[PDB]
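The chain below stands alone and is given as structure tokens, in the form deposited in one PDB entry.
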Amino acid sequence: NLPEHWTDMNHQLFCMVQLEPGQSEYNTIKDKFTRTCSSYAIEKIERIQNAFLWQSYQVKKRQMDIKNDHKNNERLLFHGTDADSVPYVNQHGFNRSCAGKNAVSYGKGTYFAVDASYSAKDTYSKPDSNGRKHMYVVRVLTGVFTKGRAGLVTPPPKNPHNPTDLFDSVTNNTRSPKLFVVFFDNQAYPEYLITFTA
């Protein structure tokens, strides 16, 4: 049941759609990026249309919407990546088994930044052999969250006497969240890919 602003893909399941700088769609992403990354320059922004990831992600959104009490369950966040991971992410999304350590670790899952500046660090968005850096703009199901800790393999339980009722994600700091970690597949939809440069 695919979004109606999507390009018609003609029975195909995957497509990257190049956005056009006049569009509000392009400019809102650009502005979100330049909020913290004004020193960097955008080459192109591509919309990612992946039917299967979209469908699995939306089911999990519905479930989290049901389980949580009228919460705002989804945030739009950034993830820097190397060029070599781009084909995999476009197709298969974010895999906790493939994630690198963060400089500051709040668990073993996939990290998503509030600020594009964070993701824009050479450590996360490594320059390809042409100087191009790569960052995804992601819908992430952050749900209800707590401060994480380095050893986490899943989010911690809300209550220790009920170990299976879990927070949806973890953050560095619940007062001022700058990162969120997710620990399950299809909890994050890669919506746009920003190609950018110095």
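Shifts are known only where both forms have a C-alpha. Rigid core: the largest C-alpha set superposing within 1.5 Å between the two forms. Residue positions are given as counts along the sequence shown, with the first one as 1.
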No coordinates for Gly109 in a third or more of the other PDB entries: no
Unmodelled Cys98 in at least one third of other entries with both flanks present: no
161 to 169 versus 34 to 42 - which carries the larger mean C-alpha B factor in the record: 34 to 42
Residue range whose averaged C-alpha B-factor is higher in the record, 22 to 30 or 54 to 62: 22 to 30
Criterion, highest CA B-factor; candidates, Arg47, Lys133, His70, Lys147: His70
Top Cα B factor in the deposited entry, candidates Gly93, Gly100, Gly80, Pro87: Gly100
Third of the chain, ranked by Cα B-factor, where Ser129 sits: highest
Chain-relative CA temperature factor third for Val17: middle
Record-listed C-alpha B factor of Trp6: chain third: highest
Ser117 - Cα temperature factor, lowest/middle/highest third of chain: middle
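Just so you know, the form solved in complex with a small molecule exists too; it's not on screen, but the next bit is about it.
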Residues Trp54, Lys60 and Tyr189 all lining the small molecule in the entry with it bound, heavy atom within 4.5 Å: no
The small molecule contact at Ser105 in the entry with it bound, heavy atom, 4.5 Å: yes
Interface membership of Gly93, the small molecule in the entry with it bound, 4.5 Å heavy atom rule: no
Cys98: Cα shift of 2 Å or greater between this form and the one not shown (core-aligned): no
Outcome for the Cα pair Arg149, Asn102 in the entry with it bound, compared with this form (closer or farther; change of 3 Å or more): farther
Inter-Cα distance between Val104 and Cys98 in the entry with it bound, nearer or further [3 Å or more]: closer
Regions shifting between this form and the one not shown, defined as 3+ consecutive residues whose CA atoms all move 2 Å or more relative to the core: 99 to 104
